[PDB]
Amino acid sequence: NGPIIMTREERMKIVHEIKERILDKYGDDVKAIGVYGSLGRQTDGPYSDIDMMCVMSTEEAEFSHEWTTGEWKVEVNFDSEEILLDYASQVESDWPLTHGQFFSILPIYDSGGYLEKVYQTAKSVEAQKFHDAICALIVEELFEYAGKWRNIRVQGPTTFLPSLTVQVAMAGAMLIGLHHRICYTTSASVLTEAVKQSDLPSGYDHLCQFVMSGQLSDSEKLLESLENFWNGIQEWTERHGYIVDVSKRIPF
């Protein structure tokens, strides 16, 4: 019957019950336990699931328990300090959506400031890593989407266009977030927060209005909006120095 309505108090009880269970089972291998996500920001809605992180001392520790009771869902990730710190300092194309975890840490157990160290690492990532992630995003994702919607324009199918438009709008949101080196609060607010930022590529806000309103049935307006956004990207990358190497047929 799906998730039920729960209050913040009930969630913190579950959190502290899980904390006790983790300490009973693993004992001194537990370096730190925190809550992240919406419950960590104390923004959590009545239906939100629970996300917790655990720093282990045992080397190469990397596992997780993800379950539901039928009424609520919990995910607990267990990582060694080294594994967690490397993850916090790696910038992938979906960094603005995944690494909000490290800017929403609610500590409930920490034997040696480990969670603070993870937070510091996540916020001190070198600027060059965001630059590379932006160039990789344009090649590995945006360029590929451009071929996908241009294929639709000539040979269809248009039934993929609304889903692909959503993907392009989400990828554009990642590109902006990588530029500003900021993580989005929640998944539901990614597009709302993306259009309120500075230095938007031309055509991005117009494209997002289709995705946020759900008016994705006019394929011609979508294709025309995607091309304008695709065009706006390339002046935007030159204006900010995110220059993509296009000089070789084969780069190895």
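The numbering used is simple: start at 1 and walk along the sequence shown.
Between the stretches 233 to 241 and 14 to 22, it is 233 to 241 that shows the larger average CA temperature factor. Higher mean CA temperature factor, per the PDB entry, when comparing 130 to 138 with 157 to 165: 157 to 165. By the numbers in the PDB entry, the CA B factor is greatest at 188 among 50, 183, 188, 33.
The entry lists a Cα temperature factor for residue 70 that places it in the lowest third of the chain's modelled residues. When the modelled residues of the chain are ordered by C-alpha B-factor, residue 55 sits in the lowest third. When the modelled residues of the chain are ordered by C-alpha B-factor, residue 148 sits in the middle third. Residue 117 sits in the lowest third of its chain by CA B factor, as recorded in the PDB entry. Placement of the Cα temperature factor of residue 81 within the chain: middle third of the modelled residues, per the deposited record.
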